[PDB]
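Below you'll find the structure, written out as structure tokens, and then a few comments.
We place every Cβ from the backbone using ideal geometry, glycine too, and count neighbours over all the protein chains shown. Laboratory data are not the source of any read-out in this text; all were calculated from the coordinates shown.
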Amino acid sequence: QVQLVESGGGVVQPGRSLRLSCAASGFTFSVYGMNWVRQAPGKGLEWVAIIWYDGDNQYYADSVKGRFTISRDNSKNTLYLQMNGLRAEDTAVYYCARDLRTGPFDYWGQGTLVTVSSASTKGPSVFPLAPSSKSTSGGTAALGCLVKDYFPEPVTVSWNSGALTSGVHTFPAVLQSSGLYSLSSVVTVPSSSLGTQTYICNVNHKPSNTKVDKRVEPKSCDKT
Amino acid sequence: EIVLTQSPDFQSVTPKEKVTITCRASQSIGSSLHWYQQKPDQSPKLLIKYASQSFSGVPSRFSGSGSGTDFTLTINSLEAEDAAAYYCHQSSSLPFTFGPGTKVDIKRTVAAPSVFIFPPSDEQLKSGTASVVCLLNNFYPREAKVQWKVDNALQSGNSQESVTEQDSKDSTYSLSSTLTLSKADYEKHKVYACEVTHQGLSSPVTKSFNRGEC
């Protein structure tokens, strides 16, 4: 089967250089044009560059022309994208794609993530979103945990070591003006369970080797 | 560069019904227009090549058509697995370009969100910051509006929100909104509220608390 596998993604500071590659297999590499297409977080597909089957011609999107160079090695079945003068706006998932005589892109890779930022690797601080009157509607209570100020993505969140999955909603991270990410994970459970079960949100941040298991205990702020 | 525009930006469809997406090129491109389907956290897949030729393995309920500048992708008898983003791409002239995309989701009956609000934890306050969280749970359609008010004053520029992908079981969405203030600023006000507006709510729903309560 046709298979395209990109690599090289990672965190790079603004102004620096980074090279992406794509290993191709399952087809006669030397007779197909190859492309790079990218997709900024939450945005659409943006064509980046193309290289002819024999590598003798290359073209680029206006936004990267002059800064990027696409190349290929037909003896190693590999495609490359050399990126220089990286800008925050170059942050995206980069996909390798095969074209049909410079026509449609019939096969795509799995993509490699490139994050252009000056931020330093940092583990998150985890805060409880305690279940209380303001978060309990009838027999159902909502609770969760705020995973704040980490870099880079991603973090993983589970509840009670994975035993709790129903009603869980782990939201996409949001990039803060500080350059650090933040996300919240919540779950709804029966209010009747609050007194006899401990809820723990397990947070993992591999980039910083951080592991946190925050207990989210019920809280009361009544004068009664 | 030739610019492609797509409409609509978002479309909801009841299973078995029809989705119609259009793509317009800023310049004529003949029949060199292709369509791709992309699901969340997945790579795009070729659907239609050269305006109307179905790609191998693509069900016949998909039909692409048009030539010149206006093109159409129709998905007849929509199935759940068709909920995805759709993109057009022209290969007529370099530089090659894509449309902004169209998201198709599954249409169901309106479902009002259940709203919950969370005051900042004592732990975070001690660290010098106060994040207030408002949760809008399991609603439909996707469009929802959250407005923060502190002592009844409307806030702007100090909150961020995130939305989940459509649930595969109940077809609903969930949204979180976070208001962030310095500890000092948080302690200068009494009432914190999030006002939610949504189709499932005849009147806006407001959840609030006095600082110090929960």
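Under the definition of partner shielding as Cβ atoms of other protein chains within 10 Å of a residue Cβ, what is the mean value for peptide A:186-192? Spell out each step's value before the answer.
On the way: counts 7, 0, 6, 0, 0, 0, 0.
That works out to 2 on average.
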Rounded to whole Å and sorted largest first, list the principal axis extents of the Cα atoms in region A:2-118.
40, 25, 24
Note down the Stokes-Einstein diffusion coefficient of region B:108-211 in µm²/s, whole number, using a Kirkwood radius over alpha carbon pairs, 25 °C, and 0.890 mPa s.
172 µm²/s
Log entry: pair-distance distribution for the protein assembly as shown, C-alpha pairs binned every 20 Å from zero, whole % per bin is 23, 49, 26, 2
Please tell me the relative contact order of chain A in percent, rounded to the nearest whole number, where contacts are Cα pairs under 8 Å and at least six residues apart.
18 percent
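Count, for each residue of B:199-205, the Cβ atoms from other chains sitting within 10 Å of its Cβ, then give me the mean as a whole number. Each step should come with its number before you reach the end.
Values: counts 0, 0, 0, 0, 0, 0, 0.
Per residue, the number of nearby Cβ atoms from other chains is 0 on average.
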Helix-only [θ] at 222 nm, chain B, -39500 (n - 2.57) per DSSP H run of 4+, per residue, nearest 500, equals -500 deg cm²/dmol
Centroid-to-centroid separation of region B:64-117 and region B:159-179 [C-alpha atoms, Å]:
20 Å
May I ask you to work out the translational diffusion coefficient for region B:1-107 at 4 °C, viscosity 1.567 mPa s, via Stokes-Einstein with Rh from the Kirkwood sum over Cα pairs, reported in whole µm²/s?
95 µm²/s
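Contact order normalised by length for chain B, with contacts defined as Cα pairs under 8 Å and 6 or more residues apart; what percent is it?
Numbers: 507 pairs, mean separation 38.7, N = 214.
After rounding, I find 18 percent.
With 25 Å as the limit, write out which pairs from A:214/B:39; A:65/B:39; A:148/B:183; A:206/B:183; A:43/B:207; A:223/B:188 have Cα-Cα distances beyond it, or answer none.
A:214/B:39; A:65/B:39; A:206/B:183; A:43/B:207
Do you know the relative contact order of region B:139-185, to the nearest whole percent, from alpha carbon pairs under 8 angstrom that are 6+ apart? Don't skip to the end; give the middle numbers.
Numbers: 46 pairs, mean separation 18.1, N = 47.
For region B:139-185, the relative contact order is 38 percent.
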